[PDB]
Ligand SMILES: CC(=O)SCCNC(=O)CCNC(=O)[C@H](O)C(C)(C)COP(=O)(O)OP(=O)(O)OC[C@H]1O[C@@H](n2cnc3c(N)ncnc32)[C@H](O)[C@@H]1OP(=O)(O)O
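Next up: a single chain in structure tokens, the form solved without the ligand.
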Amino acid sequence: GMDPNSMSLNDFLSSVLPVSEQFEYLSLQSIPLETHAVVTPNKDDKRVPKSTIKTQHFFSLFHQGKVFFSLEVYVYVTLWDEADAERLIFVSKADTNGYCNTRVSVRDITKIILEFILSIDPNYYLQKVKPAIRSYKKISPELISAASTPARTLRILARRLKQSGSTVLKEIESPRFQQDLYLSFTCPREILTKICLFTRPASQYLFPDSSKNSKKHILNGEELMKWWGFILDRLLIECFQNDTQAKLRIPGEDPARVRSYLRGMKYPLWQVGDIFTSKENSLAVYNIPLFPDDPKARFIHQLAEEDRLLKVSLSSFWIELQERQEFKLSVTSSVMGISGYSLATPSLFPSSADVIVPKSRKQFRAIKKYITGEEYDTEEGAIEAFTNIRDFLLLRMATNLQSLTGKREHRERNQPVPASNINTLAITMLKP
């Protein structure tokens, strides 16, 4: 809450990066938004959400003046009135552009950013929430809001000037306004946690044209699925209770094939299938979660268009999704899901060192687009991204790009590095 925290994003990362090597990182977060429910609701259903809170996390790493890695994760906190509360981490994408000169473990970087996100207290997102809709009909005097026409906006500015000598309302910053213009909620720290992920080589486009670049090794559906599996596998091991549900499925593939891939998992309880419920007789509409840029949702919206929402079951849905060329999948694309409770109660409220929260959606997008809208056929785009990121932060946010030094190696060490850093804590904290 307002009390100290020990683990920070800087720490997680350094732990996983090459010792004595510099890396810059960008951890970007949206203002938590009250939004529609994740799964399309059932007009007559078990339980209706008091509220649904959406926040995006976008990460980038740079080495020597060049961006080279990104990760897009959305976190959703769902509040029920009666039925408790749960959080869902939708892993949207993780990509590279292949312009990092020194070797790093991207698998480990990605793993560790997810552990960080897991370590975040859910309540952190519930403190101050942009409502889905603010009603200004109750507030006097007249405000300039999203729906003000430019002519009304200008007339209000004019009235304010003639009366005030200023176009600012001191009233906005007052206690009455701030409490009415945002939402607050609370929930337990230890809540059911889901992770969702769809592997498809065609999704891998954080770095446009990075394919053109010889240096980047482009993964195929199968290689890509395994890459992620390893990572989810480790999360399960290190972060969830050993009774946690772990699902994999490869649409249009038969489960015995699927099962052959789960052979490698260290984690015991991987199963073929998915973490989705069986409501309205397995009708897909009422069980499929709709995420940004996600193939699942795209298909659902096509169903809605062909009024077939009432004609497709979950079983049917996977096969149809694979059959339609417009969604891709062709090279053995897959769906992974996790459901369960973390080992540690997430206590952490990210600090200014852990995240940057741009002032609006527009500002957030502007920064992110410096990376996702750059061209990476050549190295000069990896430079352009870094240069524009560093420059924009300083110019508009009076912020410098954060730096850090890795501290990991091929461990020949005298004692386990986890039991080694703890000693240092003990001495400095218990000050002998």
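Rigid core: the largest C-alpha set superposing within 1.5 Å between the two forms. Numbers for residues come from their place in the sequence shown, where the first is 1.
Not on display, but discussed next: the form solved in complex with the ligand.
Placed here by superposing the C-alphas around the site, the ligand (as posed in the deposited bound form) has at least 3 atoms within 2.4 Å of backbone or C-beta atoms: blocked pocket. In the deposited bound form, at least one heavy atom of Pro201 sits within 4.5 Å of the ligand. Contact annotation for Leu314: none of its heavy atoms lies within 4.5 Å of the ligand in the deposited bound form. Mapping the unseen interface onto this chain, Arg259 falls outside it, with no heavy atom inside 4.5 Å of the ligand in the deposited bound form. Using a 4.5 Å cutoff between non-hydrogen atoms, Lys215 counts as a contact of the ligand in the deposited bound form. Using a 4.5 Å heavy atom cutoff, none of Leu126, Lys130 and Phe185 lies near the ligand in the deposited bound form.
Of the candidates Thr244, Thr78, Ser92, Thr332, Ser92 is the one whose heavy atoms come within 4.5 Å of the ligand in the deposited bound form; the others do not. Site annotation in the deposited bound form: the residue of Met265, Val106, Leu303, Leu290 reaching within 4.5 Å of the ligand with a heavy atom is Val106. In summary, the region of this chain contacting the ligand in the deposited bound form, judged by heavy atoms within 4.5 Å and restricted to 131-139, 344-352, 265-273, 225-233, corresponds to 225-233. For the set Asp121, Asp108, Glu222, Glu142, a Cα shift of at least 2 angstroms between the shown form and the other one, after rigid core superposition, holds for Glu142 and for no other residue. In the core-superposed comparison between the shown form and the other one, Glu238 has its Cα shifted by less than 2 Å. Once you line up the core between the shown form and the other one, the Cα of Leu343 stays within less than 2 Å of where it was.
The rigid-core alignment places the CA of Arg249 less than 2 Å apart between the shown form and the other one. Between the C-alpha atoms of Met336 and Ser203, a gap widened by no less than 3 Å is obtained in the deposited bound form, as opposed to the form on display. With a change of no less than 3 Å, the CA-CA distance between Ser70 and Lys328 is larger in the deposited bound form than in the form shown.
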